[PDB]
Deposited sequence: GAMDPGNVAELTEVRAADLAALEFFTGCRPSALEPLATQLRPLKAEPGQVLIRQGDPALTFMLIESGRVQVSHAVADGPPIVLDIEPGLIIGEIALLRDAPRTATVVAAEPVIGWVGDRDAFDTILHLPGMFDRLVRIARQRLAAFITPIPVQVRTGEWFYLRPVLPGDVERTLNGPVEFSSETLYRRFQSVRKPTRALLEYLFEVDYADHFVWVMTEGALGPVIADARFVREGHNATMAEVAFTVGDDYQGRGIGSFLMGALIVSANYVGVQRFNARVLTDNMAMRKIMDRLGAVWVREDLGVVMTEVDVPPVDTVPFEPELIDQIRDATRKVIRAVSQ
């Protein structure tokens, strides 16, 4: 009888992931998931495959590796959710995941993941999981701004409110939730630098470029500085970081549109060749060589290393 759905929903409701969930609320999801039981050494996701599913892991460690044509595979480890970014992007697998122990869990397709994303509270829980995974790839950098104050530079993390359907015309039949979740793990089409107070402290400013379209050479820039933090050189510092990444990813021109009595954004843009025009004022500028950012070569390299690390971590 099809009451195996009922046993399955109770199994789902027993996960830390679904803490506080009522098993009945999970029955429609239970319907869309298939049990997974892999033996140690079993390949869960093969590099080079199309992305057909994601996995929700009840238990067992897995190990991630990326194979190349010029030496041995680069190995890691994610000690909960696997495979979901390439699934929602419809991109091929860029890495292989292997069970390092017995692995028990559940497998679903994109529709099953969209079901999870719409359950109460679960979109934010998925975003915290993505955040924890990414935080492993981020080492905040202590930076000294013009005034001598010390702050910390890092890429944005999923769930930073600073992060918030343009470029995502590459996803078929999407929902808003699917697109919002992808927005939280996009670093290539939309790169955001953040400045924090303390290495594990609050974000007090952010700067970003948003490409005009997927892979496009023109991007809209936008800096935001906490009311207390203007004048202090934080904005122009983030601007430097953004050239390193923009240069690194292929963006070649920046553009801006701001409210006119917003003089501080204006001065950030006046700082390279900005020529405003009314509408709200407008302007658009070239992307200067990495040679030309006023940072020590050491700082520049840590910024490019950070950029690279997060983009790869999101399979871009």
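- Of the deposited sequence, positions 1-7, 87-88, 174-185, 301-303 lack any modelled C-alpha atom.
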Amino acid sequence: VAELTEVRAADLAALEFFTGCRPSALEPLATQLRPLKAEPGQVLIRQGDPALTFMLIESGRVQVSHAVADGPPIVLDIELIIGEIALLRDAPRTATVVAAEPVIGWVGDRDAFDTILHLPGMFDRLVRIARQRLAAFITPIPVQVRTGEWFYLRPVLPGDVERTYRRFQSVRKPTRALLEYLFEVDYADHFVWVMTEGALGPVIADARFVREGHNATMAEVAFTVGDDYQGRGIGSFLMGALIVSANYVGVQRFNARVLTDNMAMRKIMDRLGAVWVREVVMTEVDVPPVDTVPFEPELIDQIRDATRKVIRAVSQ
From here on, numbers count along this sequence of modelled residues.
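- Note on 24-32 vs 262-270: mean CA B-factor is higher in 262-270.
- As listed in the deposited structure, the average C-alpha B-factor of 224-232 and of 202-210 is greater for 224-232.
- Of the residues listed, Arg61, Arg257, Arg46, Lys37, the entry assigns the biggest Cα temperature factor to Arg257.
- Based on the entry's C-alpha B-factors, the most elevated value among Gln42, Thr53, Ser65, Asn247 belongs to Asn247.
- Residue-level temperature factors show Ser170 in the middle third of its chain, judged at the C-alpha atom.
- In the deposited entry, the Cα temperature factor of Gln132 sits in the bottom third of values across the chain's modelled residues.
- Sort the modelled residues of the chain by CA B factor and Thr164 lands in the highest third.
- Residue-level temperature factors show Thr196 in the middle third of its chain, judged at the C-alpha atom.
- Compared with the other modelled residues of the chain, the Cα B-factor recorded for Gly83 ranks in the lowest third.
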